[PDB]
């Protein structure tokens, strides 16, 4: 019963004396290993596979037999395992290898079960659930509708809360809300196991998602509900609908802006050009891109008490037409108005269409790549920014690497190593003249696990914007003098347990200051709280 329970199984780490006592001597090969030795063996077993999907499949096999060994392997090799266990491999697993997820916990909802959602949750037989990740498979980036196969996205994201913040793997629940699929291949595929129908309209979509939120608030009252990989037609509206009434957040929207804001303020500190002297080209004018700009302005206003209006005036927003201005003659989308230039004439607007002429005119010190249209930050454009600052801040954040505005290698080459670079994706180091440069990766893992652990301990009534901004600031402040002297914008990803403990600590203190915390057992002073949070974390060691 211990060997066959993946939560308590130790495999070859059972000592000979333990195997004798548990009557399992003949169930294992005779070698006895420590957990670090098992992790080294698993890491070799993974790297025997060349393709990410086969590495993923091997890690699923480990997780199904020895959960402690799985999470110990991820924690020892995190940067390398992240592309396998989540984006982009998990989406390819969902799309073409959905059987990899069948044996996992997954809770499936659809219109056939209307009015039974609470019964289904009760039936799942979990105890004090802490984190629930839900998707409908619609995709934040709107590529590759997964329908019911989106359950693998929720499974993968749940796993990152365990690895990142020590959420006990028994207290995470992955959910698929199957409201149909517009995936034409799936709609015709004899082997598609989900609802074989186009996506439900908004009225029915919200009827079912409302029942889900109300059922989860009753049956899983201790949980944070995290929306993952919902399409843009719904993801912003879901948060407007639920943010005050339920304990919920959207990582794609709120996590991303908190992580990019933290890293960007550290790039300002390194750059020699202080926040009010920055001239920031925001290349891309989607709701998400404007959210990131507003999250930067909010964080600088918190950290430095500059008037937020003056920080807004540092942004130069570029949409598909050109520089967004109040004078260029069009009716602006609501989200573009607050960053529109008021200081540019109609005549100058007409001559500010191409990114090259916009950069020549604006004289920016920062280029924020949120454009999703490929390598817009040319050598000529990067060379112009070198005219305005000694340390250009260049953030090519569009995903995947082919949609990205510039490679970190080109950014460093064209500035002779002056560029301060953050990426959505990991890159190898670049060496110029014997000096080494490596971009800072703004991975969402820096924030969501600590928000989850914080909301799990404090049990806040809801997750107001204050808790995300506090997580953003906490992350910024974790970047040490040492980190900064080596050009890093974030604390190191390998230190994610300490990072999450600190983010969670600061989130709790903010919930306590707002009197929204329902858990009154927690310390209310930072040093004693941080020690308490660290002790509360599940660790991937045998105990």
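Residue numbers count along the first chain shown, from 1.
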Handout entry: Check: residue 307 without coordinates in a third or more of other entries
Key = no
Practice task
Report, as yes or no, whether residue 142 is left without coordinates in at least one third of the other compared entries.
Solution key: yes
Problem - Between 533-541 and 1-9 (mean CA B-factor, as deposited), the higher - result: 1-9
Exercise for the section: Can you let me know which of the two, 167-175 or 345-353, has the higher average C-alpha B-factor in the entry? Expected result: 345-353
Practice task
Tell me, please, which of 295, 183, 425, 135 has the highest C-alpha B factor according to the deposited entry?
Solution key: 425
Completion exercise
Reading the B-factor column for Cα atoms of 391, 302, 279, 247, the highest value belongs to 391
Handout entry: Chain third (lowest, middle, highest) by recorded CA B-factor, residue given as residue 487
Key = middle
Practice task
Divide the modelled residues of the chain into thirds by Cα B-factor and specify which third, lowest, middle or highest, holds residue 100.
Solution key: middle
Handout entry: Among modelled residues of the same chain, the CA temperature factor third for residue 468
Key = lowest
Exercise for the section: Looking at the entry's B-factor column for C-alpha atoms only, identify whether residue 506 ranks in the lowest, middle or highest third of its chain. Expected result: lowest
Exercise for the section: Select lowest, middle or highest to describe the third in which the CA B-factor of residue 446 falls within its chain in this entry. Expected result: lowest
